[PDB]
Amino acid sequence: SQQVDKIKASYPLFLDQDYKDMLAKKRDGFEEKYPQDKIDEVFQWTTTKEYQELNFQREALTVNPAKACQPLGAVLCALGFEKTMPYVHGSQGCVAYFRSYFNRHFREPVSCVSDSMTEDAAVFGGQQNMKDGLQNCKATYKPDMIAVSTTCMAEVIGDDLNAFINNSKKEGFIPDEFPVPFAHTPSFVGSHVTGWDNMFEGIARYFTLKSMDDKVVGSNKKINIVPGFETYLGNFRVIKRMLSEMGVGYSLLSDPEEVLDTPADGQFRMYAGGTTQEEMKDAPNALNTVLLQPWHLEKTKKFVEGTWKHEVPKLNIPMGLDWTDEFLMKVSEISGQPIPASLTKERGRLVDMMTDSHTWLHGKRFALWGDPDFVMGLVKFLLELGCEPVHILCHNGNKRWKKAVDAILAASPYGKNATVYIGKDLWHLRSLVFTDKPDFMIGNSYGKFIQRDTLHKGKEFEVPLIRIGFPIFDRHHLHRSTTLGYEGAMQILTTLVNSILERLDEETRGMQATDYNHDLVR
């Protein structure tokens, strides 16, 4: 039943007595459900060290991964180029998913095409799909560039992208000079971040490999910036802001911040902003190229070093205080521009915030996950805050990366109770937050289910989620935030300390029981 003045959605409608009774009858009659005591017994066992040991012995099964597949990253990379259509050669089901995954995170349109290979393409391959696809895409959506990646069907069948695109041009389906950079992006190698690297290097090659002989390093007086796979608008923005205030000439290579934040003004804009073709063509003339997320830009780095002859600096992601410092000092060195008064003051304001908030942050224990560069920058900043990053999970991390992070941990007393995990998933992380309970998780929306599980054991065991990473689907507009630079560090600090204080307020809200410590001032 409903009362028209106070209509109930699923929650709390199905708590009405008639619905409760119905659901009980369904269970008892037809579901042949395990008895509640058995369910409770098994739940309890899943929280144990014994269960954790079995869990960590998995070799074949993955549960609740914390990574996605290559072409998702290629699509994001491609979106950052002016009037560029991402185009994934292969199976159209993939593209529905890539678009929806980003739609939910950005709450924006996400444009991407398929060339809709079907089973029949197993015989001859997808050449005809490419010819008609490129022609159809160009006529219909009027991109100035089509950036091609692949789905796993196309990879297994062995379609030669280069030959297929060349034959499309030869037979007149797409003009000879129309830009169609490409990259093979197998889902069964690496992760979404690898797809970004592959796509980027493909685009870079397309615009520069054949034209190197007129290029002079330094001649355009700019620094190239390669952001990698990045899903916070504030991160593209803060980098451009900092470089502008230092008077540094730069080219941000893959810059989707406009197309991922168009105004609602009565028209849909399929394309907005983005790195220009002129910027990609002129990129080898830069002083150098800085990689913001070097741990998933290794292929790009080899190309920039080997072909552009840029001496790519050994810089960490500019997250936290030390690494933002290092980034600015290196940019100053390369460009000849001093770090201006504005950035020096901003730095000092971050440090002020750290001094103000240190007592509540000190010793707080965190479980965290995400992509390798994000995770290591978060670890570093947590150590700078006097926090303990005790469960560090990077499903798509590698051995060399783990060694690097283990070295960061060793440089700080706050790293001494920390362990770095690679190849492990959120079902592994779930065990860790039961057996070696931290104060909080820092993670994406899939973390909510771990928090749910911890609360079921008891309120005293609940580990609250702090949402930082990707995807964030159950809060609105967090994709506008920043994690890089001093601005990002200020935002992360603020989020952490206030998450701490919210939880403390919860635990001290009990009238006459715990509210002796429900302080007005903290």
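So that the term is clear: the rigid core is the largest set of C-alpha atoms that superpose within 1.5 Å between two forms. Numbering starts at 1 and runs along the sequence shown.
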* Structure fact -> In terms of RMS C-alpha distance in 4 other deposited structures of this protein following rigid core superposition, 115-123 and 230-238 differ, and the farther one is 115-123
* Quick one: higher average CA temperature factor, 126-134 or 101-109? -> 126-134
* To do: Between 253-261 and 336-344, point out the one with the higher average CA B-factor as the PDB entry records it.
  => 336-344
* Tell me, please, which of 213, 371, 230, 115 has the highest C-alpha B factor according to the deposited entry? => 213
* Tell me, please, which of 197, 245, 425, 352 has the highest C-alpha B factor according to the deposited entry? => 245
* Structure fact -> Chain-relative C-alpha B factor for residue 35 (record values, thirds): the highest
* Structure fact -> By the entry's values, the third containing the CA B factor of residue 303 is the highest
* Structure fact -> The third of the chain into which the C-alpha temperature factor of residue 456 falls is the middle
* Lowest, middle or highest third of the chain for the C-alpha temperature factor of residue 16? -> middle
* To do: Would you mind ranking residue 207 by its C-alpha B-factor against the rest of the chain and naming the third, lowest, middle or highest?
  => highest
